[PDB]
Participant: 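Got a structure for you, written out below as structure tokens; questions coming shortly.
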There are 2 protein chains.
Amino acid sequence: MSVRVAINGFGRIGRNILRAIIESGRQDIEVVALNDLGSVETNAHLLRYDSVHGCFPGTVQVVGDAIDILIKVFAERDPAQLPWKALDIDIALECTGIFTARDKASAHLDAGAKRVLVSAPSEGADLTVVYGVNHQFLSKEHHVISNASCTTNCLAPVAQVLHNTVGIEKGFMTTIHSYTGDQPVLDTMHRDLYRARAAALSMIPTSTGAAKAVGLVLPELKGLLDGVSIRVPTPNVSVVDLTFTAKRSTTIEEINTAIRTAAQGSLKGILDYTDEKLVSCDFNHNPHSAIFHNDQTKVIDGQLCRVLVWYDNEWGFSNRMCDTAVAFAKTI
Amino acid sequence: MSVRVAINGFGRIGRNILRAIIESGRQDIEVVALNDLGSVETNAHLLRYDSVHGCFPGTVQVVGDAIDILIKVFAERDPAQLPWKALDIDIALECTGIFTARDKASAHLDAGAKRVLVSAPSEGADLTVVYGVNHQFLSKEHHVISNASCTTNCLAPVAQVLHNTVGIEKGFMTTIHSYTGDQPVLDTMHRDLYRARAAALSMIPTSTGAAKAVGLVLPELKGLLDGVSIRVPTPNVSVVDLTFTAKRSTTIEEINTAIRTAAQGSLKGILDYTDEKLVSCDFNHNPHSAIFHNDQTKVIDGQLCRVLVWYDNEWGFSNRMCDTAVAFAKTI
Ligand SMILES: NC(=O)c1ccc[n+]([C@@H]2O[C@H](COP(=O)([O-])OP(=O)(O)OC[C@H]3O[C@@H](n4cnc5c(N)ncnc54)[C@H](O)[C@@H]3O)[C@@H](O)[C@H]2O)c1
Ligand SMILES: NC(=O)c1ccc[n+]([C@@H]2O[C@H](COP(=O)([O-])OP(=O)(O)OC[C@H]3O[C@@H](n4cnc5c(N)ncnc54)[C@H](O)[C@@H]3O)[C@@H](O)[C@H]2O)c1
């Protein structure tokens, strides 16, 4: 019944995984352990209080070597040292952000987790999964997999619906994105010259791999999409601004309706929509991968089309980590 | 030699027109009077200290009901009563944002002014101008003209180099925009449901008529463009994100090269470029109508294009308001 997980790296997403599990009321995932090299006390405190997501819904105590909500806490620099065999770990959730590589993440297999799921694109991933779109391809042949990114998780279901309805010849994606943890509050030394500037002071153009990735989850679209991002001064919630050329002449109503159909049918709980005049903060804490904004569909001359699609880049994705982990457990 | 102007509405744009003249040290324009809703002293203080632009780069003395840096100051909310005739005002600069309409704006000529320049699209305008693109179309047969908008002024030059080079089949523009003073700090009653929302708290989609206005000033693109805006938590500096189908199979290098040329040659001082990895605040107080970001140009299969174009929605426009005022004054 219950799939035994361990969270490696108790950072935003790791904590958000936990919170998604408790909030949703789901009973199919047991969080057996967490690993992180900072204080156990500090970890519980960050779980308790979040500036974006509010108070933990429940009580949070540190008792001995565990956090009671009863989750064992570990501190290993080297994931291969974790007692995953002893703890009968089904799926290790790699969340630290520094072991995204398949080479690197396979350390949890060494430690005795039966499978690994990386909360980010993974280099040499056995499979990159956008739950609700391609998780059905998961099988005994896959041991270390990627959950894609928040952005990929948003763009793909929408891509799919559009391609099925009007066909996408080519498309360009700009994601207007909230600042993330790898950005600094003030200008400072960095791997990337864009992301080195004060995060809450500018619109910052930056790179995203999501459009290429949608080329893989949906092989019909390989090489037909590219994409970039613009980071702006909001702490959470992002949006895909997609312009594409359609293979057949179409309308706003045509596109909106295929979205409503998909959202009400086979992508229920992955894709949603709004006919209301909403702004980014209204999607904060929404669990969908994508929420399509009907108001914003525009179509020039029946063939050049633009859509706008919100996503809580933390909350959507963390709920997807749960679904992917459960679907993945069934192939063990 | 000099052009006599009166500024109606010493608001963000009213005051920045005045700073623009002072900073450039242009002697071709003389501010004779200004009108605003409130104090003589408050207008002085606001001019002195600007949260976005910094110290007013001279001295501002209150003296009588006049400001010395000598300009006379009024406070009649009704424009019809102000005495432009006996002040010999060549061109009036309607800058309030509430007499945008031509039928309304034509008051300044009743109240004596020889010509009128609305800082903002207008309804029944004799001619809508983007300086550096279409100003040589101004004739004696024009009394009340429109300076267009910040966004119109930045798309139009770029559309021109693009079209005239590679041809625009169809185009969709998103502007990512700094908040403006028609938005509030907190959610509150507004004629528009998006713009009612707390302005530094969300990305906020909104309508702009700039794409359409570009189709009228560049007649060749009548109804070939559409656009929207997303307001984000920055206080100044916006950007154009343009996706379009090009008539000719093209490249990035080719796109940026054409922009180099327009920048150095015929659009010098209106259009500039950058090859550097810059972010929005690096373009604060830049006087250009458009600054092209090379790095950011993308082309899919040689046909679907994307460019990114910065603009100081306050400083660029306010300088054009000066250049327009001058070119207009010559048809008198
Ligand atoms: N948050 C989002 O918006 C989002 C969306 C999609 C994908 N992702 C992906 O998820 C991953 C994590 O993102 P995040 O926002 O949670 O960042 P985060 O920095 O808040 O999380 C990283 C956590 O791992 C811990 N850590 C670092 N090194 C460690 C080590 N050697 N051993 C154990 N723990 C270690 C840190 O203490 C921290 O708690 C990233 O790779 C990112 O690509 C994030
Ligand atoms: N600021 C920008 O980014 C930008 C860009 C392009 C165009 N514009 C246009 O410039 C115009 C002015 O906008 P702004 O940025 O100055 O905003 P603002 O509200 O700061 O300026 C308007 C000023 O006029 C005054 N005013 C209001 N009603 C008046 C009345 N009845 N009589 C006399 N004075 C009155 C107000 O006190 C205020 O100071 C707008 O129409 C806007 O569309 C602005």
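Chain A is the first sequence line, chain B the second, and so forth, proteins listed ahead of strands; every chain is numbered from 1. Counting convention: from 1, in listed order, for ligands and their atoms alike.
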Participant: Tell me the contacting part of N16(A) for ligand 1: side chain, backbone, both, or neither, using a 4.0 Å heavy-atom threshold, strictly below.
Facilitator: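 Neither; nothing of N16(A) gets under 4.0 Å from ligand 1.
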Participant: Can you check whether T234(A) reaches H177(A) side chain to side chain, under 4.5 Å on heavy atoms?
Facilitator: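 A side-chain contact under 4.5 Å is absent here.
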Participant: Say whether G11(A), considering both its backbone and side-chain N or O atoms, lies within less than 3.5 Å of an N or O atom on ligand 1.
Facilitator: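 Yes; the residue has a nitrogen or oxygen that sits under 3.5 Å from a nitrogen or oxygen of the ligand.
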Participant: Under a 4.0 angstrom heavy-atom cut-off, which atoms of ligand 1 come close to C150(A)?
Facilitator: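 Listed by number with element, the hits are 5 (C), 6 (C).
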Participant: Is there a donor-acceptor contact under 3.5 Å linking the side chains of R195(B) and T206(B)?
Facilitator: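 Checked: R195(B)/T206(B) side chains pair up, N/O donor to acceptor below 3.5 Å.
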Participant: Give the numbers and elements of all ligand 2 atoms closer than 4.0 Å to a heavy atom of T180(B).
Facilitator: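 With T180(B) as reference, the close atoms of ligand 2 come out as 3 (O).
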Participant: For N8(A) and ligand 1, does the shortest N/O to N/O distance drop below 3.5 Å?
Facilitator: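 Looking only at distances, the answer is no, because the N/O contact criterion of under 3.5 Å is not met.
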Participant: For ligand 1, is there an N or O atom under 3.5 Å from any N or O atom of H177(A)?
Facilitator: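 Between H177(A) and ligand 1, no N or O pair is found under 3.5 Å apart.
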Participant: Nearest non-hydrogen atom to atom 36 (C) of ligand 1 belongs to which of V237(A), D36(A), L37(A), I17(A)?
Facilitator: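 Shortest heavy-atom distance from atom 36 (C) of ligand 1: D36(A).
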Participant: Check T151(B) against ligand 2 and report side chain, backbone, both or neither, counting heavy atoms closer than 4.0 Å.
Facilitator: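 It is neither; nothing of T151(B) touches ligand 2.
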Participant: Below the 3.5 angstrom mark, is there an N/O of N313(A), backbone or side chain, next to an N/O of ligand 1?
Facilitator: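 Between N313(A) and ligand 1, an N or O pair is found under 3.5 Å apart.
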Participant: Under 4.0 Å from a heavy atom of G97(A): which atoms of ligand 1 are those, numbered in the order shown and with their elements?
Facilitator: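 Under 4.0 Å from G97(A), ligand 1 has these atoms: 41 (O).
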Participant: Run through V239(B), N286(B), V240(B) and flag the one making a side-chain contact (heavy atoms from CB on, under 4.5 Å) with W310(B).
Facilitator: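 Testing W310(B) for a side-chain contact (heavy atoms from CB on, under 4.5 Å) against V239(B), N286(B), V240(B) leaves exactly one candidate, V239(B).
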Participant: Tell me every residue that passes side chain to side chain contact (heavy atoms under 4.5 Å, CB included) with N284(B), counting only those two or more places apart in sequence or in another chain.
Facilitator: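 Per chain and number, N284(B) pairs via side chain to side chain contact (heavy atoms under 4.5 Å, CB included) with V52(B), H53(B), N236(B), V237(B), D312(B).
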Participant: Is the contact between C95(B) and ligand 2 made by the side chain, the backbone, both, or neither, using heavy atoms and a 4.0 Å cut-off?
Facilitator: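 Just the backbone.
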Participant: Would you please say whether a donor-acceptor pair under 3.5 Å links the side chains of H190(A) and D192(A)?
Facilitator: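 Note: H190(A) and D192(A) side chains miss the donor-acceptor criterion.
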Participant: Could you tell me whether the side chains of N8(A) and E94(A) share a donor-acceptor contact shorter than 3.5 Å?
Facilitator: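 The criterion, which ignores hydrogens and geometry beyond distance, is satisfied for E94(A) and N8(A).
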Participant: Heavy-atom distances under 4.0 Å are what count here, so tell me which part of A120(B) touches ligand 2: side chain, backbone, both or neither.
Facilitator: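 Just the side chain.
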Participant: Identify, by atom number and element, the atoms of ligand 1 in contact range of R12(A), meaning under 4.0 Å from any of its heavy atoms.
Facilitator: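 Ligand 1 atoms under the 4.0 Å threshold to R12(A): 15 (O), 16 (O), 18 (P), 20 (O), 21 (O).
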Participant: Does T100(B), backbone or side chain, put an N or O under 3.5 Å from an N or O of ligand 2?
Facilitator: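 No, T100(B) has no N/O under 3.5 Å of an N/O on ligand 2.
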Participant: I need the atoms of ligand 1 closer than 4.0 Å to a non-hydrogen atom of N35(A), numbered in the order shown.
Facilitator: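 The list of qualifying atoms is 33 (C).
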Participant: Would you say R15(A) has any N or O atom under 3.5 Å from an N or O of ligand 1, going by distance alone?
Facilitator: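 Min N/O separation from ligand 1 is not below 3.5 Å for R15(A).
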Participant: Taking the basic N atoms (NZ, or NE/NH1/NH2) and the acidic carboxylate oxygens, is any pair closer than 4.0 Å for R12(B) and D50(B)?
Facilitator: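 Yes, this pair counts.
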Participant: Ignoring hydrogens and angles, state whether a donor on the side chain of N313(A) or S238(A) is under 3.5 Å from an acceptor on the partner side chain.
Facilitator: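 On atom types as modelled, these side chains qualify, holding a pair under 3.5 Å.
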Participant: Of all the atoms in ligand 1, which lie at a distance below 4.0 Å from a heavy atom belonging to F10(A)?
Facilitator: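 So the atoms of ligand 1 that pass are 39 (O).
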Participant: So does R320(A) get a backbone contact from the side chain of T324(A), meaning a donor-acceptor N/O pair under 3.5 Å?
Facilitator: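 Yes: the side chain of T324(A) pairs with the backbone of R320(A).
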Participant: Hey, which atoms in ligand 2 end up nearer than 4.0 Å to a heavy atom of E314(B)?
Facilitator: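 Those atoms are 1 (N).
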Participant: Once the angle between the rings of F74(A) and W84(A) is folded into 0 to 90°, is it parallel (under 30°), tilted (30 to 60°) or perpendicular (over 60°)?
Facilitator: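 It falls in the perpendicular class, over 60°.
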Participant: Have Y311(B) and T151(B) got a donor and an acceptor in their side chains that come within less than 3.5 Å?
Facilitator: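 Yes.
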Participant: Does ligand 1 have an atom that lies less than 4.0 angstrom from a heavy atom of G181(A)?
Facilitator: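 The answer is no, since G181(A) has no heavy atom less than 4.0 Å from ligand 1.
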Participant: With a 3.5 Å cut-off and no angle check, do the side chains of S178(B) and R231(B) form a donor-acceptor pair?
Facilitator: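 Per modelled atom types, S178(B) and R231(B) side chains form no pair under 3.5 Å.
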Participant: For atom 31 (N) of ligand 1, which candidate among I98(A), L34(A), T96(A), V118(A) provides the closest heavy atom?
Facilitator: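 Minimum heavy-atom distance to atom 31 (N) of ligand 1 goes to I98(A).
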Participant: Does a donor on one side chain sit under 3.5 Å from an acceptor on the other, for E23(A) and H285(A)?
Facilitator: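 Side chains of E23(A) and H285(A): pair found under 3.5 Å.
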Participant: For ligand 1 and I13(A), I'd like to know whether there is a polar contact (N/O to N/O, distance under 3.5 Å).
Facilitator: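 Indeed, backbone or side chain, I13(A) has an N or O that close.
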Participant: Please could you name the atoms of ligand 2 that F99(B) approaches to less than 4.0 Å, counting only its heavy atoms?
Facilitator: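 Within the 4.0 Å cut-off of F99(B), ligand 2 contributes 31 (N).
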